[PDB]
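Novice: Here you go, this is protein16.pdb (PDB, C-alpha atoms and all ligand atoms).
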ATOM      1  CA  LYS A 123      13.437 113.256 113.153
ATOM      2  CA  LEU A 124      15.716 113.104 116.233
ATOM      3  CA  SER A 125      14.926 109.842 118.085
ATOM      4  CA  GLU A 126      14.632 110.182 121.899
ATOM      5  CA  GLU A 127      17.765 108.081 122.524
ATOM      6  CA  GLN A 128      19.588 110.553 120.216
ATOM      7  CA  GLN A 129      18.315 113.559 122.201
ATOM      8  CA  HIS A 130      19.378 111.758 125.359
ATOM      9  CA  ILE A 131      22.893 111.245 124.019
ATOM     10  CA  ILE A 132      23.171 114.989 123.174
ATOM     11  CA  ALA A 133      22.045 116.004 126.621
ATOM     12  CA  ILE A 134      24.684 113.762 128.226
ATOM     13  CA  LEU A 135      27.560 115.091 126.101
ATOM     14  CA  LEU A 136      26.644 118.758 126.715
ATOM     15  CA  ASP A 137      26.558 118.216 130.463
ATOM     16  CA  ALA A 138      29.776 116.169 130.342
ATOM     17  CA  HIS A 139      31.482 119.095 128.611
ATOM     18  CA  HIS A 140      30.050 121.798 130.922
ATOM     19  CA  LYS A 141      31.567 119.967 133.908
ATOM     20  CA  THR A 142      34.837 119.179 132.117
ATOM     21  CA  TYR A 143      35.325 122.664 130.618
ATOM     22  CA  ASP A 144      35.626 125.848 132.640
ATOM     23  CA  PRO A 145      34.842 129.134 130.759
ATOM     24  CA  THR A 146      36.321 131.208 133.652
ATOM     25  CA  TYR A 147      39.832 129.683 133.345
ATOM     26  CA  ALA A 148      40.243 130.215 137.134
ATOM     27  CA  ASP A 149      42.238 127.001 137.520
ATOM     28  CA  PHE A 150      45.073 128.442 135.352
ATOM     29  CA  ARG A 151      46.700 130.336 138.249
ATOM     30  CA  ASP A 152      47.771 126.972 139.697
ATOM     31  CA  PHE A 153      50.120 126.281 136.775
ATOM     32  CA  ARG A 154      53.745 127.393 136.740
ATOM     33  CA  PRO A 155      53.887 131.013 135.714
ATOM     34  CA  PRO A 156      54.057 131.818 131.980
ATOM     35  CA  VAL A 157      57.394 133.317 130.864
ATOM     36  CA  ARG A 158      57.583 135.719 127.868
ATOM     37  CA  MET A 159      60.889 137.670 128.164
ATOM     38  CA  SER A 218      65.114 132.404 126.616
ATOM     39  CA  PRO A 219      64.430 129.006 124.952
ATOM     40  CA  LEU A 220      61.371 127.005 125.994
ATOM     41  CA  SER A 221      60.486 129.554 128.679
ATOM     42  CA  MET A 222      56.820 128.881 127.855
ATOM     43  CA  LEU A 223      57.036 125.108 128.132
ATOM     44  CA  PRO A 224      56.590 124.635 131.969
ATOM     45  CA  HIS A 225      53.418 126.751 131.853
ATOM     46  CA  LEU A 226      52.255 125.150 128.634
ATOM     47  CA  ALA A 227      53.103 121.631 129.857
ATOM     48  CA  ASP A 228      50.909 122.131 132.974
ATOM     49  CA  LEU A 229      48.021 123.414 130.876
ATOM     50  CA  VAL A 230      48.291 120.353 128.689
ATOM     51  CA  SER A 231      48.476 118.043 131.754
ATOM     52  CA  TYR A 232      45.404 119.736 133.247
ATOM     53  CA  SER A 233      43.611 119.463 129.903
ATOM     54  CA  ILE A 234      44.464 115.761 129.641
ATOM     55  CA  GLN A 235      42.627 115.201 132.940
ATOM     56  CA  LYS A 236      39.568 117.086 131.730
ATOM     57  CA  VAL A 237      39.540 115.002 128.530
ATOM     58  CA  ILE A 238      39.700 111.760 130.491
ATOM     59  CA  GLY A 239      36.651 112.826 132.519
ATOM     60  CA  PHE A 240      34.625 113.736 129.422
ATOM     61  CA  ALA A 241      35.468 110.377 127.865
ATOM     62  CA  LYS A 242      34.008 108.377 130.790
ATOM     63  CA  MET A 243      30.615 110.092 130.446
ATOM     64  CA  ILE A 244      30.320 109.049 126.758
ATOM     65  CA  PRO A 245      27.629 106.366 126.271
ATOM     66  CA  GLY A 246      29.033 102.862 125.814
ATOM     67  CA  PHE A 247      32.669 103.951 126.560
ATOM     68  CA  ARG A 248      32.383 101.985 129.884
ATOM     69  CA  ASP A 249      31.665  98.699 128.032
ATOM     70  CA  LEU A 250      35.068  98.640 126.431
ATOM     71  CA  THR A 251      37.866  96.590 128.024
ATOM     72  CA  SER A 252      40.231  98.723 130.124
ATOM     73  CA  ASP A 253      43.020  98.148 127.524
ATOM     74  CA  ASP A 254      40.738  99.456 124.713
ATOM     75  CA  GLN A 255      39.788 102.487 126.796
ATOM     76  CA  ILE A 256      43.469 103.227 127.451
ATOM     77  CA  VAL A 257      44.427 102.926 123.793
ATOM     78  CA  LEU A 258      41.658 105.305 122.644
ATOM     79  CA  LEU A 259      42.631 107.980 125.134
ATOM     80  CA  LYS A 260      46.376 107.730 124.416
ATOM     81  CA  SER A 261      45.888 108.214 120.652
ATOM     82  CA  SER A 262      43.137 110.900 120.787
ATOM     83  CA  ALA A 263      44.189 113.087 123.691
ATOM     84  CA  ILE A 264      46.134 115.587 121.555
ATOM     85  CA  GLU A 265      43.361 115.775 118.947
ATOM     86  CA  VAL A 266      40.651 116.439 121.537
ATOM     87  CA  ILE A 267      42.755 119.132 123.231
ATOM     88  CA  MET A 268      43.155 120.857 119.877
ATOM     89  CA  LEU A 269      39.404 120.513 119.338
ATOM     90  CA  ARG A 270      38.271 121.808 122.760
ATOM     91  CA  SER A 271      40.887 124.599 122.464
ATOM     92  CA  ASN A 272      38.741 126.170 119.711
ATOM     93  CA  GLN A 273      36.487 127.821 122.371
ATOM     94  CA  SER A 274      39.398 129.971 123.636
ATOM     95  CA  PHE A 275      40.653 130.675 120.089
ATOM     96  CA  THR A 276      39.890 134.212 118.819
ATOM     97  CA  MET A 277      39.521 135.007 115.091
ATOM     98  CA  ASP A 278      40.319 138.704 115.472
ATOM     99  CA  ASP A 279      43.825 138.348 116.904
ATOM    100  CA  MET A 280      44.483 134.695 115.738
ATOM    101  CA  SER A 281      45.345 133.645 119.331
ATOM    102  CA  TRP A 282      43.847 131.599 122.189
ATOM    103  CA  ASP A 283      42.356 134.120 124.668
ATOM    104  CA  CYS A 284      41.895 133.020 128.301
ATOM    105  CA  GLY A 285      40.290 136.314 129.450
ATOM    106  CA  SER A 286      43.571 137.779 130.712
ATOM    107  CA  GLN A 287      46.664 139.170 129.063
ATOM    108  CA  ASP A 288      48.867 136.676 130.944
ATOM    109  CA  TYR A 289      46.914 133.620 129.750
ATOM    110  CA  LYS A 290      46.563 134.895 126.178
ATOM    111  CA  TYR A 291      48.429 132.528 123.812
ATOM    112  CA  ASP A 292      50.044 133.486 120.491
ATOM    113  CA  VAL A 293      52.135 131.816 117.746
ATOM    114  CA  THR A 294      55.399 132.950 119.392
ATOM    115  CA  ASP A 295      54.216 131.458 122.755
ATOM    116  CA  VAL A 296      53.640 128.044 121.177
ATOM    117  CA  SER A 297      57.023 128.361 119.495
ATOM    118  CA  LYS A 298      58.469 129.140 122.937
ATOM    119  CA  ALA A 299      57.078 125.667 123.842
ATOM    120  CA  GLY A 300      59.648 124.104 121.472
ATOM    121  CA  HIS A 301      57.358 123.548 118.477
ATOM    122  CA  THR A 302      58.240 124.529 114.868
ATOM    123  CA  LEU A 303      55.998 126.389 112.437
ATOM    124  CA  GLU A 304      55.159 123.266 110.485
ATOM    125  CA  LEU A 305      52.930 122.047 113.269
ATOM    126  CA  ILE A 306      51.982 125.530 114.313
ATOM    127  CA  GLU A 307      50.907 126.922 110.937
ATOM    128  CA  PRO A 308      48.636 123.881 110.202
ATOM    129  CA  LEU A 309      47.262 124.203 113.721
ATOM    130  CA  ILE A 310      46.272 127.865 113.269
ATOM    131  CA  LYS A 311      44.752 127.035 109.903
ATOM    132  CA  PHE A 312      42.723 124.222 111.548
ATOM    133  CA  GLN A 313      41.442 126.632 114.212
ATOM    134  CA  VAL A 314      40.303 129.195 111.629
ATOM    135  CA  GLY A 315      38.659 126.472 109.508
ATOM    136  CA  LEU A 316      36.893 125.062 112.550
ATOM    137  CA  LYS A 317      35.841 128.565 113.741
ATOM    138  CA  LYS A 318      34.333 129.296 110.287
ATOM    139  CA  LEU A 319      31.965 126.310 110.656
ATOM    140  CA  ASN A 320      30.449 128.077 113.646
ATOM    141  CA  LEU A 321      29.063 124.811 114.884
ATOM    142  CA  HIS A 322      26.364 124.586 117.516
ATOM    143  CA  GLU A 323      27.552 123.449 120.948
ATOM    144  CA  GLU A 324      25.815 120.069 120.324
ATOM    145  CA  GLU A 325      27.892 119.563 117.172
ATOM    146  CA  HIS A 326      31.071 120.512 119.014
ATOM    147  CA  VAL A 327      30.638 117.972 121.869
ATOM    148  CA  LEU A 328      29.532 115.271 119.387
ATOM    149  CA  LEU A 329      32.616 115.716 117.259
ATOM    150  CA  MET A 330      34.953 115.314 120.279
ATOM    151  CA  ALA A 331      33.188 112.060 121.308
ATOM    152  CA  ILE A 332      33.304 110.584 117.799
ATOM    153  CA  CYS A 333      37.037 111.474 117.731
ATOM    154  CA  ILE A 334      37.719 109.871 121.159
ATOM    155  CA  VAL A 335      36.110 106.584 120.078
ATOM    156  CA  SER A 336      37.899 105.418 116.922
ATOM    157  CA  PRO A 337      38.142 101.815 115.578
ATOM    158  CA  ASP A 338      41.319 102.489 113.516
ATOM    159  CA  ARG A 339      43.527 103.592 116.381
ATOM    160  CA  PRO A 340      46.697 101.470 116.616
ATOM    161  CA  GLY A 341      46.681  98.596 119.155
ATOM    162  CA  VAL A 342      42.879  98.257 119.516
ATOM    163  CA  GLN A 343      41.809  94.875 120.948
ATOM    164  CA  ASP A 344      38.134  94.822 119.812
ATOM    165  CA  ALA A 345      37.633  96.911 116.646
ATOM    166  CA  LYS A 346      34.042  95.737 116.025
ATOM    167  CA  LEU A 347      32.712  96.935 119.391
ATOM    168  CA  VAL A 348      34.446 100.360 119.250
ATOM    169  CA  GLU A 349      32.985 100.711 115.735
ATOM    170  CA  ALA A 350      29.459  99.998 117.039
ATOM    171  CA  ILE A 351      29.684 102.751 119.680
ATOM    172  CA  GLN A 352      31.082 105.317 117.240
ATOM    173  CA  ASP A 353      28.281 104.595 114.710
ATOM    174  CA  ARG A 354      25.612 105.526 117.205
ATOM    175  CA  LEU A 355      27.197 108.955 117.833
ATOM    176  CA  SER A 356      27.945 109.588 114.150
ATOM    177  CA  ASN A 357      24.370 108.653 113.213
ATOM    178  CA  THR A 358      23.260 110.978 116.040
ATOM    179  CA  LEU A 359      25.334 113.866 114.564
ATOM    180  CA  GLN A 360      24.146 113.385 110.960
ATOM    181  CA  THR A 361      20.462 113.272 112.131
ATOM    182  CA  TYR A 362      20.915 116.365 114.305
ATOM    183  CA  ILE A 363      22.270 118.598 111.525
ATOM    184  CA  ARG A 364      19.422 117.745 109.138
ATOM    185  CA  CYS A 365      16.684 118.177 111.764
ATOM    186  CA  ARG A 366      18.354 120.909 113.917
ATOM    187  CA  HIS A 367      20.626 122.878 111.551
ATOM    188  CA  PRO A 368      19.216 125.333 108.976
ATOM    189  CA  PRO A 369      20.523 126.186 105.475
ATOM    190  CA  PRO A 370      22.836 127.496 104.323
ATOM    191  CA  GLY A 371      25.125 126.565 107.305
ATOM    192  CA  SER A 372      23.837 122.940 107.180
ATOM    193  CA  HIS A 373      25.253 122.336 103.645
ATOM    194  CA  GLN A 374      28.207 119.939 103.660
ATOM    195  CA  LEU A 375      28.609 120.278 107.381
ATOM    196  CA  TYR A 376      28.885 116.570 108.319
ATOM    197  CA  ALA A 377      31.406 115.890 105.490
ATOM    198  CA  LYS A 378      33.325 119.054 106.451
ATOM    199  CA  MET A 379      33.343 118.076 110.078
ATOM    200  CA  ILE A 380      34.539 114.533 109.146
ATOM    201  CA  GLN A 381      37.336 116.159 107.099
ATOM    202  CA  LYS A 382      38.483 117.991 110.215
ATOM    203  CA  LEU A 383      39.091 114.598 111.909
ATOM    204  CA  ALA A 384      41.473 113.816 109.021
ATOM    205  CA  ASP A 385      43.322 117.121 109.585
ATOM    206  CA  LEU A 386      43.578 116.161 113.283
ATOM    207  CA  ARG A 387      45.192 112.810 112.338
ATOM    208  CA  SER A 388      47.867 114.664 110.356
ATOM    209  CA  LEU A 389      48.242 117.169 113.249
ATOM    210  CA  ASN A 390      48.640 114.205 115.685
ATOM    211  CA  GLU A 391      51.452 112.653 113.636
ATOM    212  CA  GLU A 392      53.369 115.961 113.407
ATOM    213  CA  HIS A 393      52.992 116.770 117.113
ATOM    214  CA  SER A 394      54.211 113.242 117.960
ATOM    215  CA  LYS A 395      57.416 113.520 115.972
ATOM    216  CA  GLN A 396      58.041 116.989 117.408
ATOM    217  CA  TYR A 397      57.130 115.670 120.894
ATOM    218  CA  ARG A 398      59.715 112.862 120.684
ATOM    219  CA  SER A 399      62.587 115.192 119.673
ATOM    220  CA  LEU A 400      61.557 117.491 122.479
ATOM    221  CA  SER A 401      61.082 114.541 124.875
ATOM    222  CA  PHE A 402      64.346 112.813 123.874
ATOM    223  CA  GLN A 403      66.432 115.544 125.565
ATOM    224  CA  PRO A 404      66.572 114.848 129.347
ATOM    225  CA  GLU A 405      66.538 118.596 130.157
ATOM    226  CA  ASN A 406      63.274 119.228 128.362
ATOM    227  CA  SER A 407      61.750 115.933 129.643
ATOM    228  CA  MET A 408      62.239 117.165 133.236
ATOM    229  CA  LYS A 409      59.785 120.063 132.543
ATOM    230  CA  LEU A 410      56.955 117.677 131.582
ATOM    231  CA  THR A 411      54.335 116.463 134.075
ATOM    232  CA  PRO A 412      54.279 112.708 135.034
ATOM    233  CA  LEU A 413      50.872 112.303 133.396
ATOM    234  CA  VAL A 414      52.085 113.879 130.167
ATOM    235  CA  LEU A 415      55.028 111.463 130.031
ATOM    236  CA  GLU A 416      52.762 108.472 130.633
ATOM    237  CA  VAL A 417      50.012 109.530 128.163
ATOM    238  CA  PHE A 418      52.091 111.169 125.375
ATOM    239  CA  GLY A 419      54.870 108.572 125.965
TER     240      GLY A 419
ATOM    241  CA  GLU B 741      52.338  99.194 132.371
ATOM    242  CA  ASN B 742      50.191 102.354 132.400
ATOM    243  CA  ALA B 743      49.084 103.212 135.909
ATOM    244  CA  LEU B 744      47.997 106.853 135.946
ATOM    245  CA  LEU B 745      45.533 106.382 133.089
ATOM    246  CA  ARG B 746      43.976 103.301 134.612
ATOM    247  CA  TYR B 747      43.367 105.007 137.929
ATOM    248  CA  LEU B 748      41.671 108.012 136.268
ATOM    249  CA  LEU B 749      39.476 105.897 133.992
ATOM    250  CA  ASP B 750      38.398 103.821 137.073
TER     251      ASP B 750
HETATM  252  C1  LIG C 801      44.501 123.106 125.896
HETATM  253  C2  LIG C 801      43.562 124.054 125.867
HETATM  254  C3  LIG C 801      43.958 125.440 125.688
HETATM  255  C4  LIG C 801      44.755 125.865 124.691
HETATM  256  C5  LIG C 801      45.382 124.976 123.699
HETATM  257  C6  LIG C 801      46.407 125.379 122.949
HETATM  258  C7  LIG C 801      46.964 126.795 123.021
HETATM  259  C8  LIG C 801      48.481 126.862 122.952
HETATM  260  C9  LIG C 801      49.096 125.814 122.015
HETATM  261  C10 LIG C 801      48.554 124.431 122.265
HETATM  262  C11 LIG C 801      48.873 124.067 123.710
HETATM  263  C12 LIG C 801      49.019 123.345 121.292
HETATM  264  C13 LIG C 801      50.447 122.798 121.517
HETATM  265  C14 LIG C 801      51.104 122.519 120.158
HETATM  266  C15 LIG C 801      50.506 121.594 122.439
HETATM  267  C16 LIG C 801      51.953 121.126 122.614
HETATM  268  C17 LIG C 801      52.071 120.104 123.755
HETATM  269  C18 LIG C 801      53.485 119.609 123.971
HETATM  270  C19 LIG C 801      54.347 120.771 124.297
HETATM  271  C20 LIG C 801      53.627 118.709 125.121
HETATM  272  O1  LIG C 801      53.996 118.809 122.905
HETATM  273  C21 LIG C 801      47.878 122.304 121.282
HETATM  274  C22 LIG C 801      46.689 123.001 121.865
HETATM  275  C23 LIG C 801      47.084 124.464 121.967
HETATM  276  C24 LIG C 801      43.381 126.414 126.674
HETATM  277  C25 LIG C 801      41.875 126.138 126.833
HETATM  278  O2  LIG C 801      41.199 126.456 125.648
HETATM  279  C26 LIG C 801      41.621 124.685 127.186
HETATM  280  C27 LIG C 801      42.125 123.728 126.111
HETATM  281  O3  LIG C 801      42.007 122.378 126.518
END
Would you write the structure of this file as structure tokens?

Specialist:
Amino acid sequence: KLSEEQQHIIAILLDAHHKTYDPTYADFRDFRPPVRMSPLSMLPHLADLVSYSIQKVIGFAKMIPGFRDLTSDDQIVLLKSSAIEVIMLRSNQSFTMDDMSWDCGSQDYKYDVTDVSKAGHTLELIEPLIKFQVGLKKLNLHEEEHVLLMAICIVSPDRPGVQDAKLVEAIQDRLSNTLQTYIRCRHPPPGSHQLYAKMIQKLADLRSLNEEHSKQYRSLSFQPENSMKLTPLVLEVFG
Amino acid sequence: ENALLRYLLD
């Protein structure tokens, strides 16, 4: 059975996400206009979306039970390492199977493989990304599963530079144990079969995706001209 | 070092 503390946790994460994620995508107008005519024409638009998204991820993180206990340094480290992975995760909701693109309800905010390429990212990142999206979409997780995964990703003991591994591990365990218990009680066969293990595997794919992005990000970031198009937050977070 | 993150985390 789902313990009451576990049901509580789920309620909190769902709400956290509802506040942090806007289905309407109204806020997108505020970003620099998307340009699809021209190298890295997409980047200023795309860089603003990412910067926006980083903020939304930071807000979601704070709501997570026990995240507030961690030293400020340990909070910072967890956000810096996971922010790309979470953005990729949350981005699933916009991602459409039919067209293989991220659909933001409007033709102008629809995002395709060429758009991401127009950001200054090679197919090696891109092609694994699309594959991840498909593979995630196929799981067809409940909303409770989706929020829970993001929170378990955000709070990782392994992340480089962590001051207090043991305490971060304790907090993650509670959420993991909440997710396991939820699938068995709340998720029916045959969709329930292998779902925790499959979901865990997706965190591993994200780790690989994080490493690739980072290399690509540095070569992009290294050039002063491209670096000027990034937001201040993005520079600070992504380094 | 990091300022913007610290402010947002509170
Ligand atoms: C963000 C969100 C959205 C899309 C995410 C995308 C679509 C385009 C390609 C993106 C932006 C990927 C890029 C490879 C990111 C590159 C970032 C950078 C250029 C700085 O190195 C990662 C996530 C992808 C929109 C919405 O779903 C909110 C979500 O939160």

Novice: Find the residues near ligand LIG 801 (chain C). Use a cut-off of 6 Å, count all atoms listed in the file, and write them as an MDAnalysis selection string.

Specialist: chainID A and resid 227 230 233 267:268 270:271 273:274 282 291 296 299 397

Novice: Can you tell me how far atom CA of residue A:148 sits from atom CA of residue A:229, in Å to one decimal?

Specialist: 12.1 Å

Novice: Please indicate the distance in Å from atom CA of residue A:395 to atom CA of residue A:250, rounded to one decimal place.

Specialist: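 Atom-to-atom, atom CA of residue A:395 and atom CA of residue A:250 are spaced 28.8 Å apart.
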
Novice: Please check the contacts: residues of chain A at most 10 Å away from chain B, using all atoms listed in the file, listed as a list in words.

Specialist: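 Residues of chain A within 10 Å of chain B, counting all atoms listed in the file: residues 235, 238, 239, 241, 242, 248, 252, 253, 255, 256, 257, 259, 260, 412, 413, 414, 416 and 417 of chain A.
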
Novice: Interatomic distance between atom CA of residue A:128 and atom CA of residue A:264?

Specialist: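 Distance reported for this atom pair: 27.1 Å.
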
Novice: For the PyMOL selection byres (((chain A and resi 220) around 6) and not hetatm), applied here, can you spell out every residue it catches as a list in words?

Specialist: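 Selection result, ordered by chain and number: residues 219, 221, 222, 223, 298, 299 and 300 of chain A.
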
Novice: Which neighbours of residue A:381 fall inside 12 Å, counting all atoms listed in the file, when residues of the same chain fewer than 6 positions from it are skipped, and could you give them as a PDB file with C-alpha atoms, in the coordinates of the input?

Specialist:
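Done, and the output landed in around.pdb:
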ATOM      1  CA  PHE A 312      42.723 124.222 111.548  1.00  0.00           C
ATOM      2  CA  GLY A 315      38.659 126.472 109.508  1.00  0.00           C
ATOM      3  CA  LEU A 316      36.893 125.062 112.550  1.00  0.00           C
ATOM      4  CA  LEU A 329      32.616 115.716 117.259  1.00  0.00           C
ATOM      5  CA  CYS A 333      37.037 111.474 117.731  1.00  0.00           C
ATOM      6  CA  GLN A 374      28.207 119.939 103.660  1.00  0.00           C
ATOM      7  CA  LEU A 375      28.609 120.278 107.381  1.00  0.00           C
ATOM      8  CA  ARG A 387      45.192 112.810 112.338  1.00  0.00           C
ATOM      9  CA  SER A 388      47.867 114.664 110.356  1.00  0.00           C
TER      10      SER A 388
END

Novice: Quick one: everything within 10 Å of residue A:409, counting only C-alpha atoms, minus sequence neighbours fewer than 4 positions away in the same chain. Send it as a list in words.

Specialist: residues 220, 223, 224, 225, 226, 227, 228, 401, 404 and 405 of chain A

Novice: Could you list the residues chosen by the PyMOL selection byres (((chain A and resi 360-373) around 10) and not hetatm) in this structure as a ChimeraX atom specification?

Specialist: /A:123-125,128-129,132,319-322,324-325,355-359,374-378

Novice: Using C-alpha atoms, can you export the residues from the last selection as a short mmCIF file (atom, residue, chain, number, x, y, z; two decimals), in the frame of the given file?

Specialist:
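Writing done, so here's selection31.cif:
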data_model
loop_
_atom_site.label_atom_id
_atom_site.label_comp_id
_atom_site.auth_asym_id
_atom_site.auth_seq_id
_atom_site.Cartn_x
_atom_site.Cartn_y
_atom_site.Cartn_z
CA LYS A 123 13.44 113.26 113.15
CA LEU A 124 15.72 113.10 116.23
CA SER A 125 14.93 109.84 118.08
CA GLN A 128 19.59 110.55 120.22
CA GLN A 129 18.32 113.56 122.20
CA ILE A 132 23.17 114.99 123.17
CA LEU A 319 31.96 126.31 110.66
CA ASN A 320 30.45 128.08 113.65
CA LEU A 321 29.06 124.81 114.88
CA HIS A 322 26.36 124.59 117.52
CA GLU A 324 25.82 120.07 120.32
CA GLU A 325 27.89 119.56 117.17
CA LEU A 355 27.20 108.96 117.83
CA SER A 356 27.94 109.59 114.15
CA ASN A 357 24.37 108.65 113.21
CA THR A 358 23.26 110.98 116.04
CA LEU A 359 25.33 113.87 114.56
CA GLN A 374 28.21 119.94 103.66
CA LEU A 375 28.61 120.28 107.38
CA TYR A 376 28.88 116.57 108.32
CA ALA A 377 31.41 115.89 105.49
CA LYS A 378 33.33 119.05 106.45
#

Novice: I'd like to see the residues matched by the PyMOL selection byres (((chain A and resi 285) around 10) and not hetatm) on this file, and ideally I'd get them as a PyMOL selection string.

Specialist: chain A and resi 145-148+274+282-284+286-290
